[PDB]
>>> print(open('structure-v6.cif').read())   # mmCIF, N, CA and C atoms
data_query
#
loop_
_atom_site.label_atom_id
_atom_site.label_comp_id
_atom_site.auth_asym_id
_atom_site.auth_seq_id
_atom_site.Cartn_x
_atom_site.Cartn_y
_atom_site.Cartn_z
N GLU A 1 -91.60 49.20 -43.04
CA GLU A 1 -91.51 48.40 -41.80
C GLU A 1 -91.92 49.30 -40.60
N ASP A 2 -92.95 48.84 -39.86
CA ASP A 2 -93.38 49.47 -38.58
C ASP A 2 -93.32 48.37 -37.49
N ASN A 3 -92.42 48.56 -36.50
CA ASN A 3 -92.36 47.73 -35.27
C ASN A 3 -91.29 48.41 -34.36
N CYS A 4 -91.83 49.35 -33.61
CA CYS A 4 -91.10 50.13 -32.58
C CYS A 4 -91.99 50.32 -31.30
N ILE A 5 -91.37 50.85 -30.20
CA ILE A 5 -92.14 51.11 -28.93
C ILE A 5 -92.26 52.65 -28.86
N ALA A 6 -93.39 53.24 -29.26
CA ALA A 6 -93.48 54.73 -29.36
C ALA A 6 -93.70 55.47 -27.98
N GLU A 7 -93.43 54.77 -26.87
CA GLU A 7 -93.75 55.19 -25.48
C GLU A 7 -92.49 55.47 -24.63
N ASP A 8 -92.73 56.25 -23.56
CA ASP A 8 -91.74 56.50 -22.44
C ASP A 8 -91.97 55.85 -21.05
N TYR A 9 -92.98 55.06 -21.11
CA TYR A 9 -93.43 54.05 -20.11
C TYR A 9 -94.14 52.85 -20.84
N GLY A 10 -93.69 52.48 -22.07
CA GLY A 10 -94.12 51.24 -22.78
C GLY A 10 -93.60 49.95 -22.15
N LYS A 11 -94.03 48.81 -22.69
CA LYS A 11 -93.42 47.50 -22.33
C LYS A 11 -92.33 47.23 -23.41
N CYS A 12 -91.13 46.94 -22.92
CA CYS A 12 -89.93 46.72 -23.76
C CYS A 12 -89.07 45.55 -23.19
N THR A 13 -87.91 45.35 -23.85
CA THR A 13 -86.93 44.30 -23.46
C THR A 13 -85.49 44.87 -23.61
N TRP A 14 -84.60 44.14 -22.94
CA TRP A 14 -83.12 44.27 -23.08
C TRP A 14 -82.68 43.20 -24.13
N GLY A 15 -82.59 43.60 -25.41
CA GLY A 15 -82.41 42.64 -26.54
C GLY A 15 -83.58 42.66 -27.56
N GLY A 16 -84.83 42.73 -27.07
CA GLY A 16 -86.04 42.98 -27.89
C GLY A 16 -86.11 44.39 -28.51
N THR A 17 -87.36 44.84 -28.72
CA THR A 17 -87.63 46.21 -29.25
C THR A 17 -87.28 47.25 -28.12
N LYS A 18 -86.69 48.35 -28.61
CA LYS A 18 -86.45 49.60 -27.84
C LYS A 18 -87.48 50.64 -28.36
N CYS A 19 -87.44 51.82 -27.74
CA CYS A 19 -88.46 52.84 -28.07
C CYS A 19 -88.00 53.60 -29.35
N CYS A 20 -89.11 53.84 -30.08
CA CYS A 20 -89.21 54.23 -31.49
C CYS A 20 -88.25 55.36 -31.98
N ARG A 21 -88.19 56.50 -31.27
CA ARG A 21 -87.32 57.67 -31.65
C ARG A 21 -85.90 57.63 -31.00
N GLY A 22 -85.34 56.42 -30.95
CA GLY A 22 -84.07 56.10 -30.25
C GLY A 22 -84.03 56.38 -28.73
N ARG A 23 -85.06 55.89 -28.07
CA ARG A 23 -85.37 56.21 -26.66
C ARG A 23 -85.01 54.97 -25.77
N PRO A 24 -84.32 55.14 -24.60
CA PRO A 24 -83.76 54.00 -23.82
C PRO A 24 -84.83 53.18 -23.03
N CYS A 25 -84.37 52.08 -22.41
CA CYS A 25 -85.22 51.24 -21.52
C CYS A 25 -84.41 50.90 -20.23
N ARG A 26 -85.18 50.87 -19.13
CA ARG A 26 -84.72 50.41 -17.79
C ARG A 26 -85.90 49.56 -17.25
N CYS A 27 -85.61 48.37 -16.67
CA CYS A 27 -86.71 47.43 -16.38
C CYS A 27 -87.60 47.83 -15.16
N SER A 28 -88.73 47.10 -15.11
CA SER A 28 -89.71 47.03 -13.99
C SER A 28 -89.08 46.73 -12.59
N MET A 29 -89.95 46.68 -11.57
CA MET A 29 -89.58 46.52 -10.14
C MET A 29 -88.92 45.14 -9.80
N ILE A 30 -89.32 44.05 -10.48
CA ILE A 30 -88.74 42.69 -10.26
C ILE A 30 -87.30 42.55 -10.89
N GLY A 31 -87.03 43.12 -12.08
CA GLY A 31 -85.73 42.97 -12.78
C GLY A 31 -85.82 42.57 -14.27
N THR A 32 -86.67 41.58 -14.58
CA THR A 32 -87.02 41.19 -15.98
C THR A 32 -88.39 41.85 -16.37
N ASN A 33 -88.73 41.81 -17.68
CA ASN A 33 -89.97 42.41 -18.28
C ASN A 33 -89.82 43.96 -18.22
N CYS A 34 -88.92 44.51 -19.06
CA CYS A 34 -88.54 45.95 -18.92
C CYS A 34 -89.68 46.93 -19.34
N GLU A 35 -89.50 48.22 -18.96
CA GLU A 35 -90.35 49.33 -19.50
C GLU A 35 -89.43 50.41 -20.16
N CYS A 36 -90.08 51.35 -20.86
CA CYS A 36 -89.40 52.44 -21.61
C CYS A 36 -89.23 53.66 -20.67
N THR A 37 -88.25 54.50 -21.05
CA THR A 37 -87.81 55.67 -20.25
C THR A 37 -87.52 56.84 -21.26
N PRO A 38 -87.91 58.12 -21.01
CA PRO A 38 -87.68 59.25 -21.96
C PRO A 38 -86.18 59.61 -22.20
N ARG A 39 -85.39 59.85 -21.14
CA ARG A 39 -83.93 60.13 -21.26
C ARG A 39 -83.25 59.75 -19.91
N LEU A 40 -82.18 58.94 -20.02
CA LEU A 40 -81.37 58.50 -18.85
C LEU A 40 -79.98 59.17 -18.95
N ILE A 41 -79.60 59.93 -17.90
CA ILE A 41 -78.30 60.65 -17.85
C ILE A 41 -77.15 59.62 -17.54
N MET A 42 -76.05 59.71 -18.34
CA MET A 42 -74.90 58.75 -18.37
C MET A 42 -75.42 57.36 -18.88
N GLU A 43 -75.24 57.13 -20.20
CA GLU A 43 -75.78 55.98 -21.00
C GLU A 43 -77.33 56.14 -21.13
N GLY A 44 -77.80 56.03 -22.39
CA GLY A 44 -79.23 56.15 -22.75
C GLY A 44 -79.49 57.43 -23.56
N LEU A 45 -80.18 58.41 -22.93
CA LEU A 45 -80.48 59.78 -23.47
C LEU A 45 -81.46 59.72 -24.69
N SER A 46 -82.23 60.81 -24.87
CA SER A 46 -83.24 60.94 -25.95
C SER A 46 -82.57 61.09 -27.35
N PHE A 47 -82.97 60.21 -28.29
CA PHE A 47 -82.40 60.06 -29.67
C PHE A 47 -80.88 59.70 -29.58
N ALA A 48 -80.60 58.38 -29.58
CA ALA A 48 -79.23 57.84 -29.46
C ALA A 48 -79.18 56.46 -30.15
#
>>> encode(input="structure-v6.cif", output="C-alpha cells")
Amino acid sequence: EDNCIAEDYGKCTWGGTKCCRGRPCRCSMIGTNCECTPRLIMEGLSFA
C-alpha cells in the first residue's frame, strides 16, 4: 500500500492523508485546504 504525503509543504487535510514519515499538518491562509509542516513544537513534531 502506497498513499502518503511525502512533503513538508504538500497539500493535506485534517482527517485526510497526513505526511508520510509521521509528519504533521497546519492549514493554508484561509483555514480549510491544509498543507504539510516538517516539525511543530507542542503537538505535532517529526515522526509521531
>>> closest_residue(input="structure-v6.cif", among="A:48, A:40, A:12, A:6", to="residue 27 in chain A", atoms="all atoms listed in the file")
A:12
>>> resolve_selection(input="structure-v6.cif", expression="the PyMOL selection byres ((chain A and resi 20-24) around 5)", output="ChimeraX atom specification")
/A:4-6,18-19,25-26,36-37,47-48
>>> atom_distance(input="structure-v6.cif", atom1="CA of residue 35 in chain A", atom2="atom C of residue 3 in chain A")
14.9 Å
>>> select_by_dssp(input="structure-v6.cif", residues="chain A", states="strand (DSSP E)", output="PyMOL selection string")
chain A and resi 25-27+34-36
>>> atom_distance(input="structure-v6.cif", atom1="CA of residue 30 in chain A", atom2="atom C of residue 2 in chain A")
28.2 Å
>>> atom_distance(input="structure-v6.cif", atom1="CA of residue 1 in chain A", atom2="CA of residue 33 in chain A")
24.3 Å
>>> closest_residue(input="structure-v6.cif", among="A:28, A:45, A:39, A:34", to="residue 10 in chain A", atoms="all atoms listed in the file")
A:34
